[PDB]
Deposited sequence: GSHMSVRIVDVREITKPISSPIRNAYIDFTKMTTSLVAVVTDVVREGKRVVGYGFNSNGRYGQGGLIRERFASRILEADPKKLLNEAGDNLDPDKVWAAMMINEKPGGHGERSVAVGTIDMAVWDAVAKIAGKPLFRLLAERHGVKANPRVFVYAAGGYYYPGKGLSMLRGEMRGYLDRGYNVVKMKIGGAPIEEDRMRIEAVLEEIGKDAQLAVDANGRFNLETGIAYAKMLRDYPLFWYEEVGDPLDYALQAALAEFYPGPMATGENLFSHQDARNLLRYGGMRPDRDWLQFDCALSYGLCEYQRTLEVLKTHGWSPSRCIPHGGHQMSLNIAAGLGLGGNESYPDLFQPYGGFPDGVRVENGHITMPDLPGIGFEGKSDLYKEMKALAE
């Protein structure tokens, strides 16, 4: 059991200059007459880090003594050992681009590890955590970008796709104009679904409070990322004006930053949502440390709905008992989406028992991966 290679390729994202970096972790382990290769990539929103992967991380893994990257029985790779190996010579703090680089590699390490074990990643994770996995995952549709009729049509399209929770953007127009967009969508979906709004961290305290007063008059699913991701005091101050659920975290990339959010964000453990993106935040090895941080603060992993609409998110959700996943209908293909055949029904999908992350089960995506390394 050894990692023979680490291939990477970067390309623009499908339809401003956003990119996706795909990685391949090749091993010497063979399964059912075939070399096991792990694949991984970065969620949308942040630039692919194929550069750092090549320049710094990839070599550390290869130049590492294999006999030191194995589990106890030495019959498989130890994800944490590999993680620690690629993180040598890295100073504390500065959780930005490198978190995306490591997260993409980590995705591949786990994909391979699960394949070598011969089971679905979510099944393996549940096992490692001493519990049974729940293949049924709640998934909401994220969109509502920047008239009212077209917005309505967008949301209606999601409902006719099986979604019962949709999210739209706010803060990109005057507060009264957004009220119009919100009432429009609320009328369109009626009793068939719930609506979430996302400010994308645009608001300062006063604007956040102003929107809170407008938003609280509506039965919203949640109010997301009101201000700067690191302005914990601002988030804590919002509780006074908004009893309803709030969400944030997609732009915090370390367990240290997550710990600070729980210490100083004044969020409500019984109804708020944490959106840390596993893929963008040093990967699953790090996400598990973030979950321990949740525990130390009395939060349940069920409060997590990771940013990033892809199979890795689906696996960690079903595998770690998370609150759900997000999906961007028809976007970021072929990386985003579900395995071929699975569809959204009453706001949920059911994970098929595919080995590893399940990429091989999404033709359009796998063709991309084998074309990189096989």
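Peer 1: Quickly check which stretches of the deposited sequence aren't in the model, judged by C-alpha, and list them in order.
Peer 2: No coordinates exist for the deposited residues in 1 to 5, 21 to 29, 161 to 164, so these stretches are absent from the model.
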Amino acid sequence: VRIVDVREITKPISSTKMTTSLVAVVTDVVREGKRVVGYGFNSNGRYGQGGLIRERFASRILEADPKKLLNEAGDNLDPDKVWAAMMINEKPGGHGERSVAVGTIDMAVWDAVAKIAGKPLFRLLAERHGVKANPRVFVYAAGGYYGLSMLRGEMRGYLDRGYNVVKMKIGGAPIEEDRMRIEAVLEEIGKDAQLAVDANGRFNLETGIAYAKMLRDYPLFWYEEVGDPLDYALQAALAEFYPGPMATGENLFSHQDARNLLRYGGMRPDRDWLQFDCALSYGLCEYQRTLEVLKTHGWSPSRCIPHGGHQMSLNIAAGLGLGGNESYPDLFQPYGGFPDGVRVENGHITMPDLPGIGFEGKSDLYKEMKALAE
From here on, numbers count along this sequence of modelled residues.
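Peer 1: Return whichever of 323 to 331 and 54 to 62 has the greater mean Cα B factor according to the PDB record.
Peer 2: 54 to 62 has the higher mean C-alpha B-factor.
Peer 1: Quick one: higher average CA temperature factor, 30 to 38 or 345 to 353?
Peer 2: Per the deposited B-factors, the answer is 30 to 38.
Peer 1: Whose CA atom has the top B-factor in the entry, of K132, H95, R271, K295?
Peer 2: Max CA B-factor in the entry, restricted to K132, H95, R271, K295: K132.
Peer 1: Name the third of the chain's ranked CA B-factors that contains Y282, choosing lowest, middle or highest.
Peer 2: As the PDB entry reports it, the C-alpha B-factor of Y282 lands in the lowest third of its chain.
Peer 1: Pull the Cα B-factor of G118 out of the PDB entry and bin it into the chain's lowest, middle or highest third.
Peer 2: Its C-alpha B-factor, which the entry lists for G118, ranks in the highest third among residues of this chain.
Peer 1: Test of reading the entry: by CA B factor among the chain's modelled residues, which third contains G48?
Peer 2: Answer is middle: the recorded C-alpha B-factor places it there.
Peer 1: Please say which third, lowest, middle or highest, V197 falls into when its CA temperature factor is compared across its chain.
Peer 2: Ranked within chain, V197 CA B lands in the lowest tercile.
Peer 1: Going by the recorded CA B-factors, say which third of the chain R152 sits in, lowest, middle or highest.
Peer 2: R152: CA B-factor falls in the highest third of its chain.
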